[PDB]
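Shown next: query16.pdb, given as PDB, N, CA and C atoms.
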```pdb
ATOM      1  N   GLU N  50     108.691 101.121  59.784
ATOM      2  CA  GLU N  50     109.045 101.750  58.522
ATOM      3  C   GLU N  50     108.982 100.747  57.380
ATOM      4  N   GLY N  51     108.535 101.228  56.221
ATOM      5  CA  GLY N  51     108.630 100.479  54.990
ATOM      6  C   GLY N  51     109.941 100.761  54.274
ATOM      7  N   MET N  52     110.111 100.098  53.137
ATOM      8  CA  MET N  52     111.310 100.295  52.338
ATOM      9  C   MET N  52     111.027  99.852  50.915
ATOM     10  N   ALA N  53     111.560 100.597  49.956
ATOM     11  CA  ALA N  53     111.442 100.223  48.558
ATOM     12  C   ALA N  53     112.630  99.370  48.144
ATOM     13  N   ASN N  54     112.355  98.305  47.400
ATOM     14  CA  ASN N  54     113.394  97.428  46.886
ATOM     15  C   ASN N  54     113.234  97.294  45.380
ATOM     16  N   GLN N  55     114.129  96.525  44.775
ATOM     17  CA  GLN N  55     114.117  96.274  43.347
ATOM     18  C   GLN N  55     113.867  94.798  43.083
ATOM     19  N   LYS N  56     113.362  94.509  41.889
ATOM     20  CA  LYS N  56     113.090  93.139  41.494
ATOM     21  C   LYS N  56     113.276  93.013  39.992
ATOM     22  N   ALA N  57     113.489  91.782  39.546
ATOM     23  CA  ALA N  57     113.543  91.519  38.123
ATOM     24  C   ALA N  57     112.157  91.698  37.512
ATOM     25  N   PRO N  58     112.082  92.126  36.255
ATOM     26  CA  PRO N  58     110.777  92.239  35.600
ATOM     27  C   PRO N  58     110.069  90.894  35.555
ATOM     28  N   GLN N  59     108.749  90.934  35.716
ATOM     29  CA  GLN N  59     107.847  89.786  35.724
ATOM     30  C   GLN N  59     108.037  88.879  36.928
ATOM     31  N   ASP N  60     108.938  89.202  37.846
ATOM     32  CA  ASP N  60     109.073  88.424  39.064
ATOM     33  C   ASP N  60     108.010  88.838  40.073
ATOM     34  N   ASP N  61     107.678  87.918  40.972
ATOM     35  CA  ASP N  61     106.698  88.208  42.007
ATOM     36  C   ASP N  61     107.219  89.279  42.953
ATOM     37  N   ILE N  62     106.316  90.147  43.404
ATOM     38  CA  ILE N  62     106.700  91.217  44.311
ATOM     39  C   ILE N  62     107.074  90.628  45.664
ATOM     40  N   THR N  63     108.103  91.195  46.286
ATOM     41  CA  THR N  63     108.557  90.757  47.601
ATOM     42  C   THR N  63     108.485  91.929  48.564
ATOM     43  N   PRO N  64     107.426  92.049  49.357
ATOM     44  CA  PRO N  64     107.293  93.212  50.237
ATOM     45  C   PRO N  64     108.406  93.263  51.269
ATOM     46  N   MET N  65     108.835  94.478  51.591
ATOM     47  CA  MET N  65     109.707  94.709  52.734
ATOM     48  C   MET N  65     108.810  94.848  53.954
ATOM     49  N   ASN N  66     108.852  93.851  54.830
ATOM     50  CA  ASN N  66     107.850  93.720  55.877
ATOM     51  C   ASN N  66     107.869  94.918  56.814
ATOM     52  N   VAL N  67     106.688  95.454  57.090
ATOM     53  CA  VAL N  67     106.526  96.564  58.017
ATOM     54  C   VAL N  67     106.221  95.981  59.389
ATOM     55  N   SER N  68     107.109  96.221  60.344
ATOM     56  CA  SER N  68     106.939  95.654  61.668
ATOM     57  C   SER N  68     105.807  96.349  62.413
ATOM     58  N   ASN N  69     105.200  95.615  63.334
ATOM     59  CA  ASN N  69     104.186  96.153  64.222
ATOM     60  C   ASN N  69     104.518  95.751  65.646
ATOM     61  N   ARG N  70     104.167  96.618  66.587
ATOM     62  CA  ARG N  70     104.279  96.271  67.993
ATOM     63  C   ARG N  70     103.242  97.066  68.762
ATOM     64  N   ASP N  71     102.911  96.566  69.945
ATOM     65  CA  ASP N  71     101.862  97.137  70.773
ATOM     66  C   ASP N  71     102.475  97.648  72.065
ATOM     67  N   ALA N  72     102.330  98.943  72.317
ATOM     68  CA  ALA N  72     102.831  99.557  73.537
ATOM     69  C   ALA N  72     101.728  99.532  74.586
ATOM     70  N   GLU N  73     101.935  98.761  75.646
ATOM     71  CA  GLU N  73     100.911  98.528  76.654
ATOM     72  C   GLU N  73     101.203  99.364  77.891
ATOM     73  N   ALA N  74     100.286 100.267  78.218
ATOM     74  CA  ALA N  74     100.374 101.063  79.433
ATOM     75  C   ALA N  74      99.556 100.384  80.521
ATOM     76  N   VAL N  75     100.231  99.892  81.552
ATOM     77  CA  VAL N  75      99.575  99.170  82.635
ATOM     78  C   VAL N  75      99.100 100.176  83.671
ATOM     79  N   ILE N  76      97.813 100.132  83.983
ATOM     80  CA  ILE N  76      97.202 101.095  84.888
ATOM     81  C   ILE N  76      97.472 100.678  86.325
ATOM     82  N   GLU N  77      97.892 101.632  87.151
ATOM     83  CA  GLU N  77      98.181 101.380  88.553
ATOM     84  C   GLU N  77      97.434 102.378  89.423
ATOM     85  N   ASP N  78      97.174 101.979  90.664
ATOM     86  CA  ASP N  78      96.409 102.774  91.615
ATOM     87  C   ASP N  78      97.310 103.221  92.754
ATOM     88  N   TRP N  79      97.232 104.501  93.101
ATOM     89  CA  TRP N  79      98.032 105.077  94.170
ATOM     90  C   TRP N  79      97.126 105.800  95.151
ATOM     91  N   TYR N  80      97.439 105.682  96.439
ATOM     92  CA  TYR N  80      96.635 106.262  97.505
ATOM     93  C   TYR N  80      97.512 107.125  98.394
ATOM     94  N   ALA N  81      97.054 108.337  98.680
ATOM     95  CA  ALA N  81      97.665 109.202  99.680
ATOM     96  C   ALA N  81      96.656 109.408 100.797
ATOM     97  N   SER N  82      97.031 109.038 102.018
ATOM     98  CA  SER N  82      96.085 109.003 103.120
ATOM     99  C   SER N  82      96.732 109.535 104.387
ATOM    100  N   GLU N  83      95.883 109.939 105.328
ATOM    101  CA  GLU N  83      96.332 110.329 106.657
ATOM    102  C   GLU N  83      95.165 110.191 107.622
ATOM    103  N   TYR N  84      95.491 110.172 108.910
ATOM    104  CA  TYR N  84      94.512 110.085 109.980
ATOM    105  C   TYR N  84      94.592 111.330 110.846
ATOM    106  N   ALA N  85      93.456 111.717 111.417
ATOM    107  CA  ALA N  85      93.377 112.859 112.324
ATOM    108  C   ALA N  85      92.532 112.440 113.520
ATOM    109  N   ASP N  86      93.193 112.043 114.603
ATOM    110  CA  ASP N  86      92.482 111.573 115.781
ATOM    111  C   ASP N  86      91.688 112.704 116.418
ATOM    112  N   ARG N  87      90.513 112.366 116.949
ATOM    113  CA  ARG N  87      89.645 113.376 117.539
ATOM    114  C   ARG N  87      90.237 113.992 118.795
ATOM    115  N   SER N  88      91.169 113.306 119.455
ATOM    116  CA  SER N  88      91.782 113.863 120.652
ATOM    117  C   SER N  88      92.608 115.102 120.349
ATOM    118  N   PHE N  89      92.991 115.308 119.095
ATOM    119  CA  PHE N  89      93.747 116.484 118.698
ATOM    120  C   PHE N  89      92.864 117.640 118.259
ATOM    121  N   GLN N  90      91.544 117.455 118.209
ATOM    122  CA  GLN N  90      90.668 118.524 117.743
ATOM    123  C   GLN N  90      90.713 119.723 118.677
ATOM    124  N   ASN N  91      90.558 119.489 119.977
ATOM    125  CA  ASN N  91      90.584 120.579 120.940
ATOM    126  C   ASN N  91      91.993 121.007 121.313
ATOM    127  N   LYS N  92      93.008 120.218 120.973
ATOM    128  CA  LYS N  92      94.385 120.532 121.317
ATOM    129  C   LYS N  92      95.142 121.211 120.187
ATOM    130  N   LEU N  93      94.486 121.495 119.068
ATOM    131  CA  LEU N  93      95.125 122.123 117.922
ATOM    132  C   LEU N  93      94.403 123.411 117.569
ATOM    133  N   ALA N  94      95.175 124.438 117.227
ATOM    134  CA  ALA N  94      94.606 125.669 116.702
ATOM    135  C   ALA N  94      94.318 125.591 115.213
ATOM    136  N   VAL N  95      94.872 124.603 114.523
ATOM    137  CA  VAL N  95      94.680 124.452 113.100
ATOM    138  C   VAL N  95      93.612 123.396 112.851
ATOM    139  N   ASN N  96      93.123 123.339 111.619
ATOM    140  CA  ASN N  96      92.181 122.310 111.193
ATOM    141  C   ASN N  96      92.996 121.210 110.527
ATOM    142  N   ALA N  97      93.257 120.135 111.271
ATOM    143  CA  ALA N  97      94.144 119.091 110.772
ATOM    144  C   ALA N  97      93.559 118.397 109.552
TER     145      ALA N  97
ATOM    146  N   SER A   2      39.176  75.145 130.806
ATOM    147  CA  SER A   2      39.953  73.996 131.242
ATOM    148  C   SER A   2      41.297  74.436 131.803
ATOM    149  N   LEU A   3      41.824  73.669 132.759
ATOM    150  CA  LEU A   3      43.109  74.007 133.359
ATOM    151  C   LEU A   3      44.270  73.774 132.405
ATOM    152  N   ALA A   4      44.023  73.146 131.257
ATOM    153  CA  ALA A   4      45.072  72.932 130.273
ATOM    154  C   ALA A   4      45.563  74.228 129.652
ATOM    155  N   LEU A   5      44.870  75.344 129.884
ATOM    156  CA  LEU A   5      45.321  76.627 129.365
ATOM    157  C   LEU A   5      46.681  77.027 129.915
ATOM    158  N   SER A   6      47.106  76.438 131.033
ATOM    159  CA  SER A   6      48.421  76.746 131.578
ATOM    160  C   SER A   6      49.545  76.256 130.679
ATOM    161  N   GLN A   7      49.247  75.375 129.728
ATOM    162  CA  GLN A   7      50.257  74.879 128.806
ATOM    163  C   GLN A   7      50.679  75.911 127.772
ATOM    164  N   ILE A   8      49.914  76.983 127.593
ATOM    165  CA  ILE A   8      50.244  78.002 126.606
ATOM    166  C   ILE A   8      50.380  79.351 127.295
ATOM    167  N   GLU A   9      50.732  79.333 128.577
ATOM    168  CA  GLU A   9      50.961  80.569 129.309
ATOM    169  C   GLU A   9      52.166  81.305 128.740
ATOM    170  N   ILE A  10      52.112  82.630 128.796
ATOM    171  CA  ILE A  10      53.156  83.471 128.237
ATOM    172  C   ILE A  10      54.015  84.027 129.366
ATOM    173  N   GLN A  11      55.150  84.602 128.989
ATOM    174  CA  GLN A  11      56.050  85.270 129.912
ATOM    175  C   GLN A  11      56.370  86.649 129.364
ATOM    176  N   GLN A  12      56.501  87.624 130.254
ATOM    177  CA  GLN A  12      56.755  88.998 129.860
ATOM    178  C   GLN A  12      58.181  89.392 130.209
ATOM    179  N   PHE A  13      58.851  90.036 129.262
ATOM    180  CA  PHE A  13      60.205  90.533 129.444
ATOM    181  C   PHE A  13      60.170  92.052 129.461
ATOM    182  N   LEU A  14      60.620  92.639 130.562
ATOM    183  CA  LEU A  14      60.535  94.076 130.754
ATOM    184  C   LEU A  14      61.594  94.794 129.931
ATOM    185  N   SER A  15      61.299  96.045 129.582
ATOM    186  CA  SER A  15      62.209  96.862 128.795
ATOM    187  C   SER A  15      63.015  97.838 129.636
ATOM    188  N   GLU A  16      62.629  98.071 130.885
ATOM    189  CA  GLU A  16      63.396  98.917 131.791
ATOM    190  C   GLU A  16      64.405  98.039 132.521
ATOM    191  N   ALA A  17      65.684  98.235 132.223
ATOM    192  CA  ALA A  17      66.734  97.379 132.748
ATOM    193  C   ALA A  17      67.276  97.916 134.064
ATOM    194  N   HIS A  18      67.566  96.996 134.978
ATOM    195  CA  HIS A  18      68.226  97.347 136.226
ATOM    196  C   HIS A  18      69.733  97.367 136.022
ATOM    197  N   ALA A  19      70.378  98.420 136.504
ATOM    198  CA  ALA A  19      71.827  98.530 136.468
ATOM    199  C   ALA A  19      72.383  98.131 137.824
ATOM    200  N   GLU A  20      73.389  97.260 137.819
ATOM    201  CA  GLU A  20      74.016  96.841 139.063
ATOM    202  C   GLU A  20      74.542  98.055 139.808
ATOM    203  N   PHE A  21      74.362  98.049 141.124
ATOM    204  CA  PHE A  21      74.610  99.230 141.942
ATOM    205  C   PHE A  21      75.987  99.810 141.674
ATOM    206  N   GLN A  22      76.005 101.067 141.245
ATOM    207  CA  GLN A  22      77.231 101.747 140.868
ATOM    208  C   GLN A  22      77.033 103.238 141.074
ATOM    209  N   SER A  23      78.139 103.969 141.077
ATOM    210  CA  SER A  23      78.096 105.416 141.186
ATOM    211  C   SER A  23      77.743 106.030 139.839
ATOM    212  N   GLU A  24      76.909 107.066 139.871
ATOM    213  CA  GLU A  24      76.546 107.764 138.648
ATOM    214  C   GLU A  24      77.624 108.731 138.189
ATOM    215  N   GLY A  25      78.605 109.021 139.032
ATOM    216  CA  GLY A  25      79.678 109.917 138.665
ATOM    217  C   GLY A  25      79.327 111.371 138.879
ATOM    218  N   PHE A  26      80.301 112.224 138.563
ATOM    219  CA  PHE A  26      80.171 113.674 138.702
ATOM    220  C   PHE A  26      79.809 114.076 140.127
ATOM    221  N   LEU A  27      80.243 113.280 141.105
ATOM    222  CA  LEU A  27      79.956 113.594 142.499
ATOM    223  C   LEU A  27      80.704 114.833 142.962
ATOM    224  N   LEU A  28      81.915 115.047 142.461
ATOM    225  CA  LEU A  28      82.761 116.135 142.922
ATOM    226  C   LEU A  28      82.609 117.405 142.100
ATOM    227  N   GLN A  29      81.749 117.408 141.089
ATOM    228  CA  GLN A  29      81.402 118.658 140.430
ATOM    229  C   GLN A  29      80.650 119.544 141.411
ATOM    230  N   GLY A  30      81.074 120.794 141.520
ATOM    231  CA  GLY A  30      80.567 121.693 142.525
ATOM    232  C   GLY A  30      81.381 121.714 143.799
ATOM    233  N   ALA A  31      82.196 120.688 144.033
ATOM    234  CA  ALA A  31      83.143 120.696 145.136
ATOM    235  C   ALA A  31      84.482 121.296 144.748
ATOM    236  N   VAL A  32      84.762 121.411 143.453
ATOM    237  CA  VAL A  32      85.991 122.023 142.968
ATOM    238  C   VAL A  32      85.627 123.166 142.033
ATOM    239  N   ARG A  33      86.632 123.851 141.506
ATOM    240  CA  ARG A  33      86.430 124.963 140.582
ATOM    241  C   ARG A  33      86.488 124.416 139.162
ATOM    242  N   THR A  34      85.324 124.244 138.546
ATOM    243  CA  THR A  34      85.234 123.680 137.209
ATOM    244  C   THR A  34      85.223 124.781 136.158
ATOM    245  N   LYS A  35      85.919 124.535 135.052
ATOM    246  CA  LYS A  35      85.972 125.455 133.922
ATOM    247  C   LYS A  35      85.623 124.671 132.667
ATOM    248  N   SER A  36      84.522 125.039 132.020
ATOM    249  CA  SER A  36      84.051 124.300 130.863
ATOM    250  C   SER A  36      84.564 124.920 129.569
ATOM    251  N   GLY A  37      84.601 124.099 128.527
ATOM    252  CA  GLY A  37      84.998 124.555 127.208
ATOM    253  C   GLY A  37      86.433 125.016 127.096
ATOM    254  N   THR A  38      87.356 124.331 127.760
ATOM    255  CA  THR A  38      88.762 124.672 127.649
ATOM    256  C   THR A  38      89.367 124.033 126.403
ATOM    257  N   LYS A  39      90.573 124.473 126.062
ATOM    258  CA  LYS A  39      91.273 123.999 124.881
ATOM    259  C   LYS A  39      92.733 123.744 125.222
ATOM    260  N   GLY A  40      93.389 122.969 124.370
ATOM    261  CA  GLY A  40      94.810 122.723 124.485
ATOM    262  C   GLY A  40      95.122 121.503 125.332
ATOM    263  N   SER A  41      96.399 121.132 125.311
ATOM    264  CA  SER A  41      96.877 120.000 126.090
ATOM    265  C   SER A  41      97.165 120.366 127.537
ATOM    266  N   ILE A  42      97.449 121.635 127.811
ATOM    267  CA  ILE A  42      97.700 122.123 129.159
ATOM    268  C   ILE A  42      96.894 123.396 129.358
ATOM    269  N   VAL A  43      96.199 123.492 130.487
ATOM    270  CA  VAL A  43      95.413 124.668 130.839
ATOM    271  C   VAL A  43      96.082 125.350 132.021
ATOM    272  N   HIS A  44      96.314 126.651 131.900
ATOM    273  CA  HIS A  44      97.011 127.422 132.918
ATOM    274  C   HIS A  44      96.017 128.244 133.724
ATOM    275  N   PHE A  45      96.119 128.160 135.045
ATOM    276  CA  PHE A  45      95.285 128.939 135.949
ATOM    277  C   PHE A  45      96.119 130.059 136.546
ATOM    278  N   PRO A  46      95.907 131.314 136.161
ATOM    279  CA  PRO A  46      96.662 132.405 136.778
ATOM    280  C   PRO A  46      96.281 132.587 138.236
ATOM    281  N   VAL A  47      97.254 133.028 139.027
ATOM    282  CA  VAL A  47      97.081 133.231 140.458
ATOM    283  C   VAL A  47      97.612 134.607 140.821
ATOM    284  N   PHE A  48      96.837 135.351 141.601
ATOM    285  CA  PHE A  48      97.237 136.656 142.095
ATOM    286  C   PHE A  48      97.465 136.593 143.597
ATOM    287  N   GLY A  49      98.389 137.418 144.074
ATOM    288  CA  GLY A  49      98.735 137.416 145.478
ATOM    289  C   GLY A  49      97.756 138.208 146.313
TER     290      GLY A  49
END
```
Hey, can you dump this file as structure tokens for me?
Amino acid sequence: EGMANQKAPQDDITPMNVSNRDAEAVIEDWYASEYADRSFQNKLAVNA
Amino acid sequence: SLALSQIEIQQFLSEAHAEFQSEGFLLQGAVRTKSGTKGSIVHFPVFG
């Protein structure tokens, strides 16, 4: 945010400093995995 | 010249000998075989 201030006439302007910052989103990797052994293919009625 | 024996070649065969062993499946036809079964346990019904 900025802000307005007052000054004496003919005096140098004094800015009200506007802050800056950088919001950094760090990218991450996630894995969801499973195994389906072939020995269960003929022993299951479902498709694992 | 007899010096041709210095560049004699040797032949390596592609048909390999297997050390004497059973080929398996000897008892197929001696028992009651059922192909294409499913599941972890197979039930054989019996009538009196």
**Request:** Can you work out which one of N:90, N:68, N:80, N:73 has the shortest atom-to-atom distance to residue 50 of chain N, counting all atoms listed in the file?
**Result:**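 Counting all atoms listed in the file, the residue closest to residue 50 of chain N is N:68.
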Taking all atoms listed in the file into account, produce a table as a Markdown table in which each residue of chain N with an atom at most 6.5 Å from an atom of chain A appears once, together with its shortest atom pair and the distance in Å to one decimal, ordered by chain and rising number.
```
| residue | atom | partner | partner_atom | distance |
| --- | --- | --- | --- | --- |
| N:91 | C | A:40 | N | 3.9 |
| N:92 | CA | A:40 | CA | 3.9 |
| N:93 | N | A:40 | CA | 5.6 |
```
**Message:** DSSP on the backbone, helix (DSSP H, G or I) only: what residues of chain A does that give? Format it as number ranges by chain.
**Reply:** A: 3-8
**Prompt:** atom C of residue 97 of chain N and atom CA of residue 84 of chain N, how far apart in Å?
**Reply:**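 So the answer is 8.4 Å.
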**Message:** Residues within 7 Å of residue 53 of chain N, please, as a ChimeraX atom specification. Count all atoms listed in the file; anything in the same chain fewer than 2 positions from it doesn't count.
**Reply:** /N:51,55,65
**Prompt:** Quick one: distance from atom N of residue 52 of chain N to atom C of residue 66 of chain N in Å, one decimal?
**Reply:** 6.7 Å
Around segment 9-15 of chain A, fit a box with edges along x, y and z, padding it by 5 Å on each side, then list its centre and edge lengths in Å to one decimal as lines of an AutoDock Vina configuration file.
```
center_x = 56.9
center_y = 88.6
center_z = 129.5
size_x = 22.3
size_y = 28.5
size_z = 12.5
```
**Asked** Could you work out how far atom N of residue 43 of chain A lies from atom N of residue 26 of chain A, giving the answer in Å with one decimal?
**Response**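 Computed distance, atom N of residue 26 of chain A to atom N of residue 43 of chain A, equals 21.1 Å.
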